[PDB]
Amino acid sequence: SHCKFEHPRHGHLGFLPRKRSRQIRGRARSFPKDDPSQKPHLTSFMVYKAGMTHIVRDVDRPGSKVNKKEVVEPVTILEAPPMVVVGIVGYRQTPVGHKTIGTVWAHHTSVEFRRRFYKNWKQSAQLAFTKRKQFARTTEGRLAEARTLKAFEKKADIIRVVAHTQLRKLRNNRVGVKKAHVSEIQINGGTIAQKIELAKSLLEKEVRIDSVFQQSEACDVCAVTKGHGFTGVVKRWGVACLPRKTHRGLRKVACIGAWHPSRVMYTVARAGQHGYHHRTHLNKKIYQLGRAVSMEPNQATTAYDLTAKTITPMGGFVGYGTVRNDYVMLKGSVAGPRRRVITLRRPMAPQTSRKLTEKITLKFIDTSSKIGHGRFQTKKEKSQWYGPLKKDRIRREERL
Amino acid sequence: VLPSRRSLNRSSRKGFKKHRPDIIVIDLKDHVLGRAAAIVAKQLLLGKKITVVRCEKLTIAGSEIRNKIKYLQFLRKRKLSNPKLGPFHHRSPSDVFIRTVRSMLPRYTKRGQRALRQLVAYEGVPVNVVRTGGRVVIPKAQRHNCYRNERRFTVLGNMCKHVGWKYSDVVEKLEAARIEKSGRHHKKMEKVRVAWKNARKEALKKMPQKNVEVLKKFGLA
RNA sequence: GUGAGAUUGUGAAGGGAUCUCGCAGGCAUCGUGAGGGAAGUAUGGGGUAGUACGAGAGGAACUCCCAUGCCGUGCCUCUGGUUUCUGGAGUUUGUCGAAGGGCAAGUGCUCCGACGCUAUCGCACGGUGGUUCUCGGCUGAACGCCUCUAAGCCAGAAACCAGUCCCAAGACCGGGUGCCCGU
RNA sequence: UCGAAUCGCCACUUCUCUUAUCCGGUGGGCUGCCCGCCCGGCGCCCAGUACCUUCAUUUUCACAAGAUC
RNA sequence: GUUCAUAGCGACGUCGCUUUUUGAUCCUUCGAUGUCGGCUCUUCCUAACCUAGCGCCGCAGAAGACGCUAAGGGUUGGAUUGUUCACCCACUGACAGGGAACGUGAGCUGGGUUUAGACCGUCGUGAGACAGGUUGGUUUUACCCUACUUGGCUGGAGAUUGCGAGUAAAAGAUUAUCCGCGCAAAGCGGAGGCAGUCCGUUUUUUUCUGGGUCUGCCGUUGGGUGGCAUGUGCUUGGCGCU
RNA sequence: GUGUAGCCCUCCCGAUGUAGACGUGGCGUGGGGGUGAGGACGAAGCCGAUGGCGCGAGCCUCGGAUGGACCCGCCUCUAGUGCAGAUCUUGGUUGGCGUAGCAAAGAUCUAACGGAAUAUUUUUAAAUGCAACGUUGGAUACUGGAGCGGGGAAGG
RNA sequence: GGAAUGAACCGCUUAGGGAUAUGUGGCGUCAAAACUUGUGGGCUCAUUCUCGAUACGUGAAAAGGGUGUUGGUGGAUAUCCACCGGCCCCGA
RNA sequence: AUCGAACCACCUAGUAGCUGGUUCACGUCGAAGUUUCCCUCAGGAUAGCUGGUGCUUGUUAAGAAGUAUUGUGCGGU
RNA sequence: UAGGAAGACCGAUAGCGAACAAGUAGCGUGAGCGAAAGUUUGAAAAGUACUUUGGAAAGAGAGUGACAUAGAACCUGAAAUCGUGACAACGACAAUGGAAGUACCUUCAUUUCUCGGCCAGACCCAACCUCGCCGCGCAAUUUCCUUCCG
Ligand SMILES: [K+]
Ligand SMILES: [Mg+2]
Ligand SMILES: [Mg+2]
Ligand SMILES: [Mg+2]
Ligand SMILES: [Mg+2]
Ligand SMILES: [Mg+2]
Ligand SMILES: [Mg+2]
Ligand SMILES: [Mg+2]
Ligand SMILES: [Mg+2]
Ligand SMILES: [Mg+2]
Ligand SMILES: [Mg+2]
Ligand SMILES: [Mg+2]
Ligand SMILES: [Mg+2]
Ligand SMILES: [Mg+2]
Ligand SMILES: [Mg+2]
Ligand SMILES: [Mg+2]
Ligand SMILES: [Mg+2]
Ligand SMILES: [Mg+2]
Ligand SMILES: [Mg+2]
Ligand SMILES: [Mg+2]
Ligand code: NA
Ligand code: NA
Ligand code: NA
């Protein structure tokens, strides 16, 4: 017998299994299609989630009821210290897939990079990359590197660079890890010879996020979702609850199959792990590319709001702290909790729509406290509402 | 494959350097799929080691539309309750040949599993097979003794594309590179081939007068 | 050959014979992607335009633009809900001699209440190419007329396949790299 | 440490294409006949066809009691 | 059907298909396969209601009829009734039809049906009967195997053994006996000398040390620069040094 | 000389079978009448990679690093005479399984003492003797006079 | 022992074993046999539940259509008309 | 803890055309589900099919035959 | 109630319910119902003095005895089920099963050892079964062949 009435199935079958991610780091599975006409450039960057806020701006959109008016849009702040490039890898194409040719190392690596190869770095001999350093610049060392670079030129189709983040510069108290996060970034544009030239120039040097993305562009966000543990079918899949009178419980699926086939099928909802999955979530628009507060104190100052303030809210980002580095501001939400490392990628979908080509001009950035109902923008506003307090008077009296 | 330290150490003590088993390399260009698979499967059961190359040049009788529809019917079959257990639909031409041969073997006994282990089935002619030796053909399945001229036929590579195979451009790029390298090398050493030919000639008039007559009697000189 | 064991049914010392096992990898990282899954879908408005057609009456459509319904993947800046931070305050009966400070009433009860969790009750986002069917044509015979069909060629559905997306080497990767050990 | 089964090999084979196709290519004369032109190998018992030269009792088959790896 | 068999229909006849109705049978089950409907949830079919693409009309425009390819996606909220079915009120692009043991009770519910109490009508002399109406009437057990959902530990290439040797690797005294450019070319470039021991059937034999002068390097010293995002690494210029 | 280890040697013809019938110098068990043996230099019973014989039911030898007092061959007579299942009877053992659980009546903490129940290490102190018991003092709390108060009948 | 599978179909009917030859059924692989036999003829192309291929086995098909192609029969004229088969296609 | 007739012992091992069970080997043979009668239709008696024991005989046929030939009758599909 | 005589009987789940402190223990308001259980260690208690660890129970030694694996519910001591040492290997076809070989094990049996009942090869005689090569009969080879014409 058919169903009495029709309604669509719950959930998406293209995100199976709902199992825990193999790694915590966000990783780009695919990279944008290479265009040989453009100049060589990098395609991704690594950032850390550092809380949320909202802004005000004027929208330019002819034919819309909101044209030439102000709107309020929530945003996400992500800290972006510069990355360091340490390696070059080349790939060749075979009838069975892509295979790595080799690797060229930078001969000078930091302690935080070599921490990634140990589980107890302090109580260890710390011998990683020691023999390569003693051999790289010798006469046999230069010949060996020239041999590998020749194989890159002759029989490669893809060039990538090995880069790691700098966790020493990101002086965060709640991020406990001291070993760098390492990933691969593809170089797009130009020929193979030109791609290798850019990679060699960017060896041992730092790469800033302003050189990879522009202010009013879009990007993709590879990240790992917040975890929820073992959860039931109502929260995991979104099925309806049963009537109050049900014996043995309500938060269940009543029928998990028919008599035939004589088994449970993979399309029926069951309880299990929820959250901590990898997602991609394309088309997030960049609203601002900031700089470190040590060099540019007025981060949140706007042409329409001349107050001198930084991007950090009053009392700090809850659970994270201060933003002491460069940052990016993205429109909307981002997967994962605070302190997690996130990969931003240049887009795959076409970027010719009017929404994606709009130019953004901010007008106001909110910096009130996120604890409680914040109602002051700066610390001077609070000290102007209240006059001198009891503790201020005592300090002055002691000063006398 | 991948000799461990146990294997390399034993070879070092014994003094062995290299070894190559007796293998037949078959060029599968312009061969009927079903007839070649049946001949090869019987030879595998008789204790032979066979490597087949250029699996993308196998031919099937009928039009491309007819054969593409036949594959799409096979692709429709899957275990409804758990498709990851169901039949697996391989897409490369070399995988299709191995599946066809497997269905002509007893595959649920150790004897048949061992026989299937002796077939390699490359696509194109890889670099590790080029210089091994001369290739062979199967005259009973050569498609110029098998098909009438006016009948339409399908090339396996073209049919494997359009149903999921995504390495047609890679295979044709590598094959063209091989032809140029092999053609350049073969034009070289034309001097030594001519010199040997000019050596067998004029060897006569240097041999004794009786051995030349025996050669003439048997049609060798 | 060499290094460890065992020969355990009717004392305790010695030697012999034989049988088993080991004689080479380990840890740590960056990737590949066969195969399997697979997702976006629909309505309205602006303009076209009171235009095309029509005696009149009546009355279209494509490019382009702006919104919304259902579904999907996430998030907590704002708004709402939730309080065993029993946080701060208030208040009833009993109780410690009174005030202070408390305690009991399985959280006594009332108000406000952070962090966290959460709601289409709040916010953000939801792509690209090919092979073809029905059908429509071009050249063109059979059949010195013709014919979209016999050979050949072109265009082409919310269908099908691949890309993007999720899992991924029992798919046994002779893919790369760092250090230790043996040779 | 291991006694093992397997018993052609080559820097002349180890390039390509056709079968309604000059099957080594290739022109001419009058719709098939006729006439011209040019260019796998070794290996099997003297390193080579020739004079010379040790084969035993392992004294009638037995995994070649010998090789390769 | 304005005339016009076939736009659309189509009588009198005749040929089929389906198993979603009801009959016919009695093959399996009576030391028991839980018997209606609704709720919840997944999947399949097409004989296509809406959405996509085409042809044709008794298709001026608009609105429609019919036919073909198409099952990718969708198909509602309520009043009375236990209902399935039906009928009304509204919304909508549309409110299509079916299968899965008449899907689904160790998933629920228990209104209906179908025990024991009791009332009515008709029937019976009576005990009692009625597929007639009415009211009240226990819904038991998973900790086993498999399936499914997540969660971990660990072997394995003769898929645990053989010593049973096949690279989507290079290209040569049979990979030995050096590096760079070049097309598996033509050709063109670079290389430190001395003495000893132990080994040595050859061609400047194979090694092990000591000075022997060192290009390229590692680890330094300060001092002057200089770059990077700025407590940590480097590059230039001299000290001796391995 | 029906039938046995068939008195022996040639030759010819048939050979399966449920329910059922019949045959066998066919096998095995407890006891009686006869006959002939065996046993403390080890009877019965028990065990087995102990083999040999027979189509088979079975028989016999061997070893016990088993046992410690009875027992068998043959001819006959006799019967409470042969087990895989009866939701069979009586004992024993068993996976499930160190599993399901041991969740009403609010609740204990601290020091000293007692105790074999510790402060147990030979290969600085914590990371190598845990957990739990009674009494007394102190703290906290419950019953809340229709009481886990103080006395009786029935019953014990 | 054969028809992949089946109480009943085909062959054959049964003491324990060798050699030889057959029956039904077969000789591309699974799988023994034409290592894909003939120095024998014809016919057939079948696009979405996918041409056809072992009887019993309705263990699936009809009426009605098609110059798709290959054969016959009977009439006019030096190609035309009517009718009937085979294989394939629609009806499905 | 028992009620459309309590409990205890006995008649009582009540009767059952119905359900379940029924313990060694080899050898020679080997069926029936049909007829008539029965308060008979899930059962019997009776004949048929089978086994055992034979009797009387014979060595080409005695009173042989699921088959032909010749002669001579019958029949209404 | 006292004696006697026996048995082709049963032999501890049998024979009386009772081989034993049995109409007992136990059950039921009651009438009534009603078991299990061989103390069978050894000829003889000679029933383990004493040393050492342990709170004790016990363990490790010593001793009695022909035997202590005869140690006290103690003759013999089976099967089901379990622990330990050694070994054999083995993917997933649930295992078990049949046939025919092979690789390792055999506290088994029989034969031989200067002739052998061992293992192979070739040869001879008889019998049976095949292949090559060479032929015959028939008016089967005249519904035919060959010439010259119309
Ligand atoms: K699919
Ligand atoms: Mg209930
Ligand atoms: Mg907040
Ligand atoms: Mg797939
Ligand atoms: Mg795929
Ligand atoms: Mg049941
Ligand atoms: Mg059931
Ligand atoms: Mg159920
Ligand atoms: Mg009356
Ligand atoms: Mg018999
Ligand atoms: Mg007796
Ligand atoms: Mg028994
Ligand atoms: Mg538990
Ligand atoms: Mg109280
Ligand atoms: Mg009281
Ligand atoms: Mg065969
Ligand atoms: Mg019976
Ligand atoms: Mg018989
Ligand atoms: Mg008794
Ligand atoms: Mg008794
Ligand atoms: Na009786
Ligand atoms: Na009667
Ligand atoms: Na019966």
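In what follows, chains carry the letters A, B, and so on, assigned in the order in which the sequence lines appear, proteins first and then strands, with residues in each chain numbered from 1.
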Looking at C1'-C2'-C3'-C4', which way does the sugar of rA45(I) lean, north or south?
->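 On the sign test, where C1'-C2'-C3'-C4' is negative, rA45(I) is classed south.
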
Sign check on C1'-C2'-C3'-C4' at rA7(G) (positive = north, negative = south) puts the sugar north

Could you check whether [X] gets within reach of a base, just the sugar-phosphate, or nothing at all, counting any heavy atom under 4.0 Å?
X         : answer
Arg263(A) : sugar-phosphate
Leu2(B)   : base
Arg291(A) : nothing
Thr225(A) : sugar-phosphate
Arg10(B)  : base
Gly124(B) : nothing
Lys70(B)  : base
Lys140(B) : base
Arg91(B)  : sugar-phosphate
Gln118(B) : base

Would you check if [M] and [N] are a Watson-Crick or G-U wobble pair, both distances kept under 3.5 Å?
N        : M        : answer
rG212(E) : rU122(E) : no
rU128(C) : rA162(C) : yes
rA65(F)  : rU29(F)  : no

Contact string for nucleotides 175-193 of chain E, one letter per nucleotide 5' to 3', B = base within protein heavy-atom range under 4.0 Å, S = sugar-phosphate only, - = neither, reads S---SSSSBBS--------

| field | Shortest side-chain distance from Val96(A), nucleotide among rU19(D), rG31(C), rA168(E) | value |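 The closest nucleotide is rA168(E).
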
> Where the side chain of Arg78(B) is concerned, which of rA168(E), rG37(C), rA24(C) is the nearest nucleotide?
Replying inline: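 Between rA168(E), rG37(C), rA24(C), the one nearest the side chain of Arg78(B) would be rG37(C).
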
- prompt: Do we see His12(A) stacking on the base of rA39(C), given a limit of 5.5 Å between centres and 30° between planes?
  reply: yes

Donor-acceptor contacts under 3.5 Å from residues 65-72 of chain B side chains, at least two apart:
{"residue": "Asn67(B)", "atom": "OD1", "partner": "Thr154(B)", "partner atom": "OG1", "Å": "2.5"}
{"residue": "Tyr71(B)", "atom": "OH", "partner": "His90(B)", "partner atom": "O", "Å": "2.3"}

### NZ/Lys84(B): more than 12 non-hydrogen atoms of other groups inside 6.0 Å
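Open: at most 12 neighbouring heavy atoms sit under 6.0 Å from NZ of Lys84(B).
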
side-chain N/O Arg137(A) vs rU235(E) OP1/OP2, d < 4.0 Å =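 So the side chain of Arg137(A) is within the cut-off, an N or O lying under 4.0 Å from OP1 or OP2 of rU235(E).
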
SB check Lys49(B) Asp22(B) (cutoff 4.0 Å):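 Looking at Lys49(B) and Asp22(B), the cut-off is not met.
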
